[PDB]
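Student: One structure is given below, represented as structure tokens, and several questions about it will come after.
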Amino acid sequence: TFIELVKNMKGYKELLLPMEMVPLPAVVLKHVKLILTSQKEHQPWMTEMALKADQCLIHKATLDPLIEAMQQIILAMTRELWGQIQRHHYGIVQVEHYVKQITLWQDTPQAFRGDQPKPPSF
Amino acid sequence: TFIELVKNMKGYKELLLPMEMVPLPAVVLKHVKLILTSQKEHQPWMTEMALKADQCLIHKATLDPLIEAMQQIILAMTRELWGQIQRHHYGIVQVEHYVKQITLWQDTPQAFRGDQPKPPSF
Amino acid sequence: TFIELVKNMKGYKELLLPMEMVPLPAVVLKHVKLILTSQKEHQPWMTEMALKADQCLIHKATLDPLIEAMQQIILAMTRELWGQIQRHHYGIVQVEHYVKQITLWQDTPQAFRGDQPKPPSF
Amino acid sequence: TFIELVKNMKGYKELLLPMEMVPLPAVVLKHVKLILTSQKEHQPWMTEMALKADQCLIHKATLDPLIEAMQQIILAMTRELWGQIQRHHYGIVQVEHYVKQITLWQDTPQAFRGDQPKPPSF
Amino acid sequence: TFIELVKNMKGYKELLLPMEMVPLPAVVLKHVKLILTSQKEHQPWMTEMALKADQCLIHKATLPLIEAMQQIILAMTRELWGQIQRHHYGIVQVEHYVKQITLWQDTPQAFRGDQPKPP
Amino acid sequence: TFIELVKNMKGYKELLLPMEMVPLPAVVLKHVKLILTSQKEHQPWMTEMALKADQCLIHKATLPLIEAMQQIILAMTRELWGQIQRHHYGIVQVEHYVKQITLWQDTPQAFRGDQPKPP
Numbered sequence: 002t003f004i005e006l007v008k009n010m011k012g013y014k015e016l017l018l019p020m021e022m023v024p025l026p027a028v029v030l031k032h033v034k035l036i037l038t039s040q041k042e043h044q045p046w047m048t049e050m051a052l053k054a055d056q057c058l059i060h061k062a063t064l065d077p078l079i080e081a082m083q084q085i086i087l088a089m090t091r092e093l094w095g096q097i098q099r100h101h102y103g104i105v106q107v108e109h110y111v112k113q114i115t116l117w118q119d120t121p122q123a124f125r126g127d128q129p130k131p132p133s134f
Numbered sequence: 002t003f004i005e006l007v008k009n010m011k012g013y014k015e016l017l018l019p020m021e022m023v024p025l026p027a028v029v030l031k032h033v034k035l036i037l038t039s040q041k042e043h044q045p046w047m048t049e050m051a052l053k054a055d056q057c058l059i060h061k062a063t064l065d077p078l079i080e081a082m083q084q085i086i087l088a089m090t091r092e093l094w095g096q097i098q099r100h101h102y103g104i105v106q107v108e109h110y111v112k113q114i115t116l117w118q119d120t121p122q123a124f125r126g127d128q129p130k131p132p133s134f
Numbered sequence: 002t003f004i005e006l007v008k009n010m011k012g013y014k015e016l017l018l019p020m021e022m023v024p025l026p027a028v029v030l031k032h033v034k035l036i037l038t039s040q041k042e043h044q045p046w047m048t049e050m051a052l053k054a055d056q057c058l059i060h061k062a063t064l065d077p078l079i080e081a082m083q084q085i086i087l088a089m090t091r092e093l094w095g096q097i098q099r100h101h102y103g104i105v106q107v108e109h110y111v112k113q114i115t116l117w118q119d120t121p122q123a124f125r126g127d128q129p130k131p132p133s134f
Numbered sequence: 002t003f004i005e006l007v008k009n010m011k012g013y014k015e016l017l018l019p020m021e022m023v024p025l026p027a028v029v030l031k032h033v034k035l036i037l038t039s040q041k042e043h044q045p046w047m048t049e050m051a052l053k054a055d056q057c058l059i060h061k062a063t064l065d077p078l079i080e081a082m083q084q085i086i087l088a089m090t091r092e093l094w095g096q097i098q099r100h101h102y103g104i105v106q107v108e109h110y111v112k113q114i115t116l117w118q119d120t121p122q123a124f125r126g127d128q129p130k131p132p133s134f
Numbered sequence: 002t003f004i005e006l007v008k009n010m011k012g013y014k015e016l017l018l019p020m021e022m023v024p025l026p027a028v029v030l031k032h033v034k035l036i037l038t039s040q041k042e043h044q045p046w047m048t049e050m051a052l053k054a055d056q057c058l059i060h061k062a063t064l077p078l079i080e081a082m083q084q085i086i087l088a089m090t091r092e093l094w095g096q097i098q099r100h101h102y103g104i105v106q107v108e109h110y111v112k113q114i115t116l117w118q119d120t121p122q123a124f125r126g127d128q129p130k131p132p
Numbered sequence: 002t003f004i005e006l007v008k009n010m011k012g013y014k015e016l017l018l019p020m021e022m023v024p025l026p027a028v029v030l031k032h033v034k035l036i037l038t039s040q041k042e043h044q045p046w047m048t049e050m051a052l053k054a055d056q057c058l059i060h061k062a063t064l077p078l079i080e081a082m083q084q085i086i087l088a089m090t091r092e093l094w095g096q097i098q099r100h101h102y103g104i105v106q107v108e109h110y111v112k113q114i115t116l117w118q119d120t121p122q123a124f125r126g127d128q129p130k131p132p
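Residue numbers (PDB author numbering), protein chains in the order written: chain 1B, 2 to 65, 77 to 134; chain 1A, 2 to 65, 77 to 134; chain QA, 2 to 65, 77 to 134; chain QB, 2 to 65, 77 to 134; chain BC, 2 to 64, 77 to 132; chain QC, 2 to 64, 77 to 132.
Laid out in structure tokens, this is it:
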């Protein structure tokens, strides 16, 4: 319900991506190191990413309805991680434009899509 | 492991209170509705707050080692979640000072600990 | 003997708290890592802090009259070590006032001692 | 480990000297009196020297693995004392240049050193 | 640990390109002769560039100990290819283009992209 | 053979200083931390300088095959010490001063010279 309230606001813009268009776990965490280790001047948003990515390992560590439910949650958290990465790599403003086109390019039937719109570069 | 790596960075100001001081998870959700709803000109950080909030509910709705393991994350999720609440109410800069004052206050033995410091100005 | 000679000097402002108020040696090391690591443009005083810190560990690692004599220095080492921590956090000038306020507060009998003063501003 | 972290910083510069190039104990403490007694306007660094030199006497007073370990520590503290003395006698900036040359003049094989570089005067 | 000492630097960059990106060691040596031969002005980088590539030749004839050397040779190849690409195109372009191709791979196959063109 | 391809170059220099001149590998690593730590401005040489010294660390733990590796480690030490001296003093000074000491040695003992001073 809380997320629905945000979607009811003014000026809200999507930043996440469809569950299908999300890399696999574990490997997706690698981008975390390339943005944390190759960084300096700790900023507030960096801590947010660190405290979110590490959660997947905690849930993943349990692998060594309760069992099924945890696996589903990992996908949701993974989706959030990717949005933050794009919020850093391809700016924060240009990201909204890319996802805006992604929604249109996928919602329309496959007979009308055409070609995938390439995301903006760094 | 990742959070340990980030702590080894320059300009890192802690913003999370001890687990023993953060409110109960039920209480935290109450401020989420006010802060989210009682806001104008929606900002990107608002979306982040809502996404994390639903995660606690999902884990909370799951309880009804493995069975008890998820309970550990619920308490942890509040600690990160409560950090953003104080940023909106007090401010990021003020929070940094408050945490260290609390940390030193908690560090000192209770015999000569002194009066607990009060929160910063809104 | 030497410290007694220095105390007999002009402009001498005390900067060491009573042994009964300084944190435990384990707690002090925690602030060392943050202060050392969370710093930019390394300054000469940073090197001094690290050198003293390892001494406590050496004595601490030694425990595992003569046998118990070394334990006395461990507690003392913290008192001097904690003095530099407050200088970085609060400031040299503010610390001088705080110590004397604590000293007078501790000097006055507990019957009418009053509320313990709070630390200075960061 | 803490000292290693400092050595990993930016702008850090060596100020100590090889253990071999360190005067003997007791006698080295004499320079303490010549800088403390022949001084006025107590400065913060003066207390640091006083609280460090007096430690050797405390360790030395015990003479009247535990026994071996204490003797080793005295050498380490003595090395720190000399650096502070040079930090006062021959400035604080010129000291780094002298030690920089000392490292080169000793690390190279004795067949290539030449002549010892005289330290700068007062 | 030295990389860690520089990983915090502002201008630090991941010059080590993906292993799959670079070709086999033998082919890289070919470009070293071509780039050195083509270049005319003398700068310290070419003098040091030759020395870095020379070590790989010794390991070719020289060959847990053996296995490590095989990985070591590949380590230098990634470093060498960086200077090759940076010199031909530029320092910024390689840093700008390397990430793009990595993204095109780390994607759920179907929506990989459009085969991003090389610089 | 690459050195031969550059040995004919006008600006080619014998950067490989005498083996006796340089100290043991362990001591050299000490100066790498000190020089890198002291230096502040970011240039490609320091980024590449760390990588070149890093390889020596692996060989320390890793250890005709074994004997060759021992000589290989010493080969990198000579290269590393050159950058250390050139950075501290200068490129020309090292090239200017290295020959002087060699002459003082290759002489019939008695008339060796006057122990030429270091730069």
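We put the CB at the ideal spot given by N, CA and C, even for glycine.
1) Does any residue of chain BC bring its CB to less than 9 angstroms from the CB of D127 (chain 1B)?
2) Assuming the contact rule is C-beta atoms closer than 8 angstroms, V23 (chain 1B) and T115 (chain 1B) should be a hit. Round their C-beta distance to whole Å, please.
3) Taking only beta carbons into account, state which residues of the segment 90-103 of chain 1A come closer than 7 angstroms to chain QA, listed in chain order.
4) For a contact meaning CB atoms closer than 7 angstroms, what does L18 (chain BC) contact in chain QC?
5) Am I right that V7 (chain QC) and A51 (chain BC) are in contact with their C-beta atoms under 8 angstroms? What's the rounded C-beta distance?
6) Ends of the alpha helix (DSSP H) at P129 (chain 1A)?
7) Would you mind telling me which residues of chain BC sit closer than 8 angstroms to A27 (chain QC), beta carbon to beta carbon, in chain order?
8) Within its chain, find whatever has a CB closer than 6 angstroms to the CB of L17 (chain QA); leave out the 5 residues flanking it on each side and keep chain order.
9) Please tell me whether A81 (chain QC) and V29 (chain QC) are closer than 9 angstroms, where the distance is taken between their beta carbons.
10) I'd like the list of long-range same chain contacts for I97 (chain QC), defined as Cβ closer than 7 angstroms, with 5 residues on each side in sequence excluded.
11) Given this structure, state the Cα-to-Cα distance separating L58 (chain QC) from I4 (chain QA), to the nearest angstrom.
12) Using beta carbons (cut-off 9 angstroms, strictly below), is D119 (chain BC) in contact with chain QC?
13) So, is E49 (chain QC) buried or exposed, given that buried needs 16 or more other C-beta atoms within 10 angstroms?
14) Please identify, using Cβ separations under 9 angstroms, the residues of the segment 51-64 of chain BC that lie next to chain 1B, in order along the chain.
15) Please classify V107 (chain 1A) as buried or exposed, where buried requires at least 16 other C-beta atoms within 10 Å of its C-beta.
16) Ignore the nearest five residues each way along the sequence and tell me which others in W117 (chain 1B)'s own chain have a CB closer than 7 angstroms to its CB.
17) Alpha helix (DSSP H) containing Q83 (chain BC): first to last residue?
18) Once the 5 residues before and after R99 (chain BC) are set aside, which same chain residues still bring their CB inside 7 angstroms of it?
19) Tell me whether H60 (chain QA) is buried or exposed, calling it buried when 16 or more other Cβ atoms sit within 10 Å of its Cβ.
20) Does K41 (chain QA) have its Cβ less than 9 angstroms from a Cβ in chain QB?
21) Out of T2 (chain QA), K11 (chain QA), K14 (chain QA), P19 (chain QA), which has the shortest C-alpha to C-alpha gap to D119 (chain QA)?
22) From this set, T2 (chain 1A), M47 (chain 1A), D65 (chain 1A), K41 (chain 1A), which residue's C-alpha is nearest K34 (chain 1B)'s C-alpha?
23) Please name the residue in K11 (chain BC), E15 (chain BC), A123 (chain BC), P121 (chain BC) whose C-alpha comes closest to that of residue 66 (chain BC).
24) Using a cut-off of 8 angstroms between C-beta atoms, extract the partners of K130 (chain QC) located in chain QB.
25) How would you list, in chain order, the residues of chain QB whose beta-carbon sits under 9 angstroms from the beta-carbon of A123 (chain QA)?
26) 9 angstroms is my cut-off, CB to CB: does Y110 (chain QB) come that close to chain QC?
27) What number of angstroms, rounded off, separates the C-alpha of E42 (chain QA) from the C-alpha of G103 (chain QA)?
28) Buried or exposed, going by whether 16 or more other CB atoms sit within 10 Å of the CB of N9 (chain QC)?
29) Suppose you measure from the CA of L78 (chain QB) to the CA of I86 (chain QA); what does that come to, to the nearest Å?
30) Looking at the secondary structure, which residues open and close the alpha helix (DSSP H) in which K31 (chain QB) lies?
31) Determine, for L37 (chain BC), whether the minimum Cβ-Cβ distance to residues of chain QC falls below 9 angstroms.
32) Under three-state DSSP, which class holds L52 (chain QB)?
33) Measuring CA to CA, which of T63 (chain QA), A123 (chain QA), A62 (chain QA), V105 (chain QA) is closest to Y13 (chain QA)?
34) Kindly list, in the order they appear in chain QA, the residues whose Cβ is closer than 9 angstroms to that of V7 (chain QB).
35) Within 9 angstroms of any Cβ in chain 1A, is that where the Cβ of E21 (chain QA) sits?
36) Measuring CA to CA, which of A27 (chain 1B), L25 (chain 1B), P45 (chain 1B) is closest to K11 (chain 1A)?
Tutor: In brief:
1) The beta carbon of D127 (chain 1B) falls within 9 angstroms of a beta carbon belonging to chain BC, placing the residue at that interface.
2) Contact between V23 (chain 1B) and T115 (chain 1B) is absent: CB atoms are separated by about 15 angstroms, not below the 8 angstroms threshold.
3) Correct list: empty, as no residue qualifies.
4) Near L18 (chain BC) there are no residues of chain QC at all, since even the closest Cβ is about 13 angstroms away, more than 7 angstroms.
5) Taking C-beta atoms under 8 angstroms as the contact rule, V7 (chain QC) and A51 (chain BC) qualify, at a distance of about 5 angstroms.
6) If you look at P129 (chain 1A), you'll find it isn't in any alpha helix (DSSP H); DSSP assigns it neither H nor E.
7) Under the 8 angstroms cutoff, chain BC gives no residues; its nearest Cβ is about 15 angstroms from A27 (chain QC).
8) Result list for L17 (chain QA): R91, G95, in chain order.
9) The answer is no: Cβ separation not under 9 angstroms.
10) Closer than 7 angstroms at the Cβ level, and outside the excluded window around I97 (chain QC), lie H32, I36.
11) Rounded to whole angstroms, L58 (chain QC) and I4 (chain QA) show a C-alpha spacing of 46 angstroms.
12) Under the 9 angstroms criterion on CB atoms, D119 (chain BC) is classed as non-interfacial with respect to chain QC.
13) Taking all protein chains shown into account, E49 (chain QC) has 16 or more neighbouring C-beta atoms within 10 Å of its C-beta and is therefore buried.
14) Legend: CB atoms of the segment 51-64 of chain BC lying less than 9 angstroms from CB atoms of chain 1B are not found in any residue.
15) Label assigned to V107 (chain 1A): buried.
16) The beta carbon of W117 (chain 1B) sits closer than 7 angstroms to those of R125, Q128, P129, all from its chain and outside the five residues before and after it, given in chain order.
17) For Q83 (chain BC), the enclosing alpha helix (DSSP H) starts and ends at 78-101.
18) Sequence-distant Cβ neighbours of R99 (chain BC) in its own chain, meaning closer than 7 angstroms and more than five residues away, are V107.
19) Taking every protein chain shown into account, the CB of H60 (chain QA) has 16 or more other CB atoms within 10 angstroms, so this residue is buried.
20) Answer yes: the Cβ-Cβ gap between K41 (chain QA) and chain QB drops below 9 angstroms somewhere.
21) Taking only the C-alpha atoms, the option nearest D119 (chain QA) is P19 (chain QA).
22) Nearest of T2 (chain 1A), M47 (chain 1A), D65 (chain 1A), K41 (chain 1A) to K34 (chain 1B), Cα basis: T2 (chain 1A).
23) Residues lacking coordinates in chain BC include everything strictly between 64 and 77, among them residue 66 (chain BC).
24) Neighbours of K130 (chain QC) in chain QB, taken as residues whose beta carbon is under 8 angstroms from its own, are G126, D127 in chain order.
25) In chain order: nothing, as chain QB lies at least about 34 angstroms away.
26) At a cut-off of 9 angstroms between beta-carbon atoms, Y110 (chain QB) makes no contact with chain QC.
27) Roughly 18 angstroms between the two C-alpha positions.
28) It is exposed - the Cβ of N9 (chain QC) has fewer than 16 other Cβ atoms within 10 Å.
29) Using only the alpha carbons, I get a separation of about 15 angstroms.
30) DSSP places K31 (chain QB) in the uninterrupted alpha helix (DSSP H) bounded by 31-37.
31) With its beta carbon less than 9 angstroms from one in chain QC, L37 (chain BC) belongs to the interface.
32) Residue state for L52 (chain QB) is assigned as helix, using DSSP reduced to three classes.
33) Ranking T63 (chain QA), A123 (chain QA), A62 (chain QA), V105 (chain QA) by Cα distance to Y13 (chain QA) puts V105 (chain QA) first.
34) Neighbours of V7 (chain QB) on chain QA, chain order: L37, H43, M47, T48, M50, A51, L52.
35) Judged by the 9 angstroms Cβ criterion, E21 (chain QA) is in contact with chain 1A.
36) The candidate whose alpha carbon is nearest that of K11 (chain 1A) is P45 (chain 1B).
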